[PDB]
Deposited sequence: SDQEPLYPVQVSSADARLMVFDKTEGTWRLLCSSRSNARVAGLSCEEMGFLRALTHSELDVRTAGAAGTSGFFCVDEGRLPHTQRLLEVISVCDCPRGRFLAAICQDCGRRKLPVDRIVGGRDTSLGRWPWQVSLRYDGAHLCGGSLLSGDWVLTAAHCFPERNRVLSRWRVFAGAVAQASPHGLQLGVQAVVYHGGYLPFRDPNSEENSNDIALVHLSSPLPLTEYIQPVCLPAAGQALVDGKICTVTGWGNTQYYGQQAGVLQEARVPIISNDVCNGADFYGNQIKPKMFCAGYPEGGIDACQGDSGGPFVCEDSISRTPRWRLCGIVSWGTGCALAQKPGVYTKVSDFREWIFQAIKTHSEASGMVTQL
């Protein structure tokens, strides 16, 4: 499928941007704004951020499959969200260009109703959010210390942070070989109305970030998942995967072993029809499932990942496209699972982590 217009080299981390006029790839000329250019580029591609950045010299590094340079308008950069809008072709005489080490995500490092037991390392971003010893929600690692989950996982009775734990790196709930860390803060969306009024039926903005008290080490069993790239659309009909330890049947018990299930994305036109959810699928929400039912997420899966794989970055990567949010029962025909549309919260995520980088406690954020 069509490649993303912003790319990063796996060989030396050089940033490469597509020039639609030539159909070529160009390097980014080094400037005093390298730090932010690197950051924006990583965010644009679906990575959480740039860990570090550096300069490369074409005279010793080569062009490696590029034809020329792009220069960043450092006057327009501060007031833009899209890198492509502030770049123009330039000579870049000294031949120094930008390299950026974005935080790797979405790749395995190994050598739910109607789903099946999964195996270690297959979904290394999946975490279990437990309160006072009970698994209540899933979550997805965006880094070693930040987890994306659902805001509804934090009702009034589950807000004492010292009583929450994040279990990673294992698929069996009772495994003593995983890692379980504490929680420093929970940044929930201020637009999630039921947070202040549990009786509210308006579930839009069901999303929250969990900052662990310390970072988890990245291993073959613990890895962050990527985010949709800027402008990357959710494709109707595409089959993605949802995972979790939730009930294996609505009236059944939670899974002892993490479950995985494949479900296709359903269009809003169909899902908002009377036979389905009857105008209940609001903006920033989407359905995934089968008209026949049988395979779906369920209670205990909320906050968990709905991931789709793609190769737009020149290598297969899994991206967090939805967050398990709600549904009417579980696995019922014409009552698919409803998910928070992650792409609609990209900026909310990037800014929340920046604004509340070291905050503590429950924090609201619009």
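Positions of the deposited sequence absent from the coordinates, in order: 1-3, 115-117.
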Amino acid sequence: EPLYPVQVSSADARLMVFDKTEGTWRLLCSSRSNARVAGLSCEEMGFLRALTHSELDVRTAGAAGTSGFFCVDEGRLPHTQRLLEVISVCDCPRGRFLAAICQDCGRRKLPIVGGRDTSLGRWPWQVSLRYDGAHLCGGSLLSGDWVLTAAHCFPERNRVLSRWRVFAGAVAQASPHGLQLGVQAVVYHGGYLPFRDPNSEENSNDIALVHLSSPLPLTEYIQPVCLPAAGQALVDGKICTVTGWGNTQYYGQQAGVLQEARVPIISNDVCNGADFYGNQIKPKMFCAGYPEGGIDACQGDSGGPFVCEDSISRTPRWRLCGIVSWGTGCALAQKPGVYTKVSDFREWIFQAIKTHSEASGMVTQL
From here on, numbers count along this sequence of modelled residues.
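Taking the PDB entry as given, 356-364 carries the higher mean Cα B factor of the two stretches 4-12 and 356-364. As listed in the deposited structure, the average C-alpha B-factor of 57-65 and of 23-31 is greater for 57-65. Between the residues 49, 319, 341, 335, the entry's highest C-alpha temperature factor is the one at 49. Of the candidates 181, 92, 171, 209, it is 92 whose Cα B-factor is highest according to the PDB record.
In the deposited entry, the Cα temperature factor of residue 254 sits in the middle third of values across the chain's modelled residues. Annotation for residue 146: C-alpha temperature factor in the lowest third relative to the rest of the modelled chain, per the entry. Among all modelled residues in this chain, the alpha-carbon of residue 233 has a temperature factor (C-alpha) in the highest third.
Among the modelled residues of its chain, residue 214 has a C-alpha B-factor that falls in the middle third according to the deposited record. Per-chain ranking of the deposited C-alpha B factor places residue 308 in the lowest third.
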